[PDB]
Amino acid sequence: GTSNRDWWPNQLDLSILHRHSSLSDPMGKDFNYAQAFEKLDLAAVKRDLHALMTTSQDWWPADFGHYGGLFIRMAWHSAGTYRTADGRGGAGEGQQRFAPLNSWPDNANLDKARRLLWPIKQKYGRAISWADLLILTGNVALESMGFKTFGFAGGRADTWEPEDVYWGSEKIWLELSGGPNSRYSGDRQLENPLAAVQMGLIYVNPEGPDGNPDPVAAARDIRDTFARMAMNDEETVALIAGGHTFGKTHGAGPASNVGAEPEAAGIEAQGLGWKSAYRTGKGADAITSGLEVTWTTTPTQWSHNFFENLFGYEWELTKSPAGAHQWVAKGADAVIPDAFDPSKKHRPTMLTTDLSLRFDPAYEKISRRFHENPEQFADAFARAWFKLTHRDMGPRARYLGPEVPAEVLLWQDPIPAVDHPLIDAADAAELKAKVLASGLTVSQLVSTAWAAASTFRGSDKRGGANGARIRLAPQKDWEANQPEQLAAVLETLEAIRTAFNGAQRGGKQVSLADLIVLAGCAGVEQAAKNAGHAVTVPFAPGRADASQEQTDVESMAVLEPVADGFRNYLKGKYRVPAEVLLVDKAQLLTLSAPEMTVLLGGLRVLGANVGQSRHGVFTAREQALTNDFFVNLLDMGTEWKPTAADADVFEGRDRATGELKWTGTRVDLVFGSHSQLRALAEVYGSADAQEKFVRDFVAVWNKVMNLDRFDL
């Protein structure tokens, strides 16, 4: 059947805003995962997982009689899709069990790992999510083989359909770089927001860059992709050598033996894939990557044998039974045990990418330190394994269960505890009146609260107004945040705060983080009053102020809005049309198409635009909350044309007289162009819509102010 996407392959896709509907969710609308998890007997789950580690199924026999290695790779792959650029991927939604990730070549035979866990998932039911189980299983694998983990948090709710993610433009799995859809340009520059070298890989090609078995060149791809997944040199070395302390690769015969990935397989495979015609198809005959490497003398026990082997031998380029590049120890004894035959032993082997840890000069210093000091190695690995598997879980308030680490980590963007009484309804009314009496405008108050709250992204639950980090480096200097206007608003608000907190009894006080949001609420109420409408904007106190010392300035760079349609802002020119970037921004904010529409039309007439640009400001009563944006956009008395200067900017002229009435961007005019957005704009631009516009605008304003409020 030919679809709208076939006919008009470049039209905006709004479906990404309407995923995760009550319709697709088999749980009741009242289902609370946290409430179910908090009654889970986690100790009983961990005992079942521990017994599973050494209970081989004949449909996928356990290497060395232990599934630990397989389950560590499973949990590492669940977490390893994460990109810092947009916070998409990671383990936080259990997306490994859906398309496309369930059928990525780098996830080959993790279908077997997930099937081994069905009996335990079945036993504990809704009290443990697949998303949590995949990570827990990884932890129990490590614990069962003598490794002390840093801890574990539950709270990853299951999802019921594929995340809409840009994974790249290539039309062939594992396509080498330099093709018609190359993710590389210039001097091997990987396109944002990608964090893997090839379509269907987690980070890098274990053979080396585009198959070239050079460990030095491979090191470059390792550093670049791992930085793009929030990992520095020390963390990267600890993770790779930590993982490759356990288990083995599978390359027993030619890859051409392996059949269809799960999403392409027959219905009778019942959700499994990569069926191999090679000998038994499994166990001693398994083919996964096409490499055949076993790193250590005890693949089912924690050791420091990975670095002993890395540094204790010289390495020779060789080929797996499948014809993949890999390395073997020159002049070595057969010291490595076979996975199935207790009478066979093998020489030490390494991947190109393992030799990166010795032949990259910066990696070599860390690898030597970890070699000489295996206790430093074990602590770095434990901290990195925690960070990897929790990086997208959001604030510490979301962390459930008895194994949550007490140590607060810089990477968590921590919020101090609140140790004092909160402001009540009468206090909030008093502070709103003081804000409005200071002379701060609707535009200053709405702009500032928008700038603070709109850094939130539901992809990894980073950002939001909690913390008041808008006052700190680097947020206070982001071009979109208008740093000089921002500094003047914050100076006034901080004087209001000091005066209010000075006058209080009983330790009651208000955070700047709360006052920034409450001020924006006053601005919206004033705008409604300006329009002749009395509304109360909801407000929930309880935000706290984080310090500069509790803020990683480098990690915060990825939250800079370089495109924000709701402020008619574009830092530079991009491949991607501005209207596509607007819908991407709405998805990160968790907004529906109706919520995006009403929010943007309101923000335009409140003066939220960066630099007080007139673009899209379709009103003669700026700083009044009206549906003017919609009534004026949909007026067929106005005709629109691109400017000679700039084809991304449109003039709206009286169709009769040619008089210039308005200017607008692609972000403004898409609401009068796109057939589904124009239908929404019509509802808000109708003569009966004033009360609905104000109500809906206040609702979506309050939603944005509260995105990071997991403390509630």
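Numbers follow the displayed sequence, beginning with 1.
Look at the C-alpha B-factors of 485-493 and of 455-463. On average they run higher in 485-493. Stretch comparison (26-34 versus 672-680) by mean CA B-factor in the PDB entry places 26-34 on top. Reading the B-factor column for the CA atoms of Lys112, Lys573, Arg83, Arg604 in the entry, the top value corresponds to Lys573. The residue among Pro119, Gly89, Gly155, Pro180 whose C-alpha atom has the highest B-factor in the PDB entry is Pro180. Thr245: CA B factor lies in the middle third for its chain, per the PDB record. Split the chain's modelled residues into thirds by C-alpha temperature factor. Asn102 is in the lowest one. Among all modelled residues in its chain, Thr665 ranks in the middle third by Cα B-factor.
Per-chain ranking of the deposited C-alpha B factor places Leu40 in the middle third. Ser686 sits in the lowest third of its chain by CA B factor, as recorded in the PDB entry.
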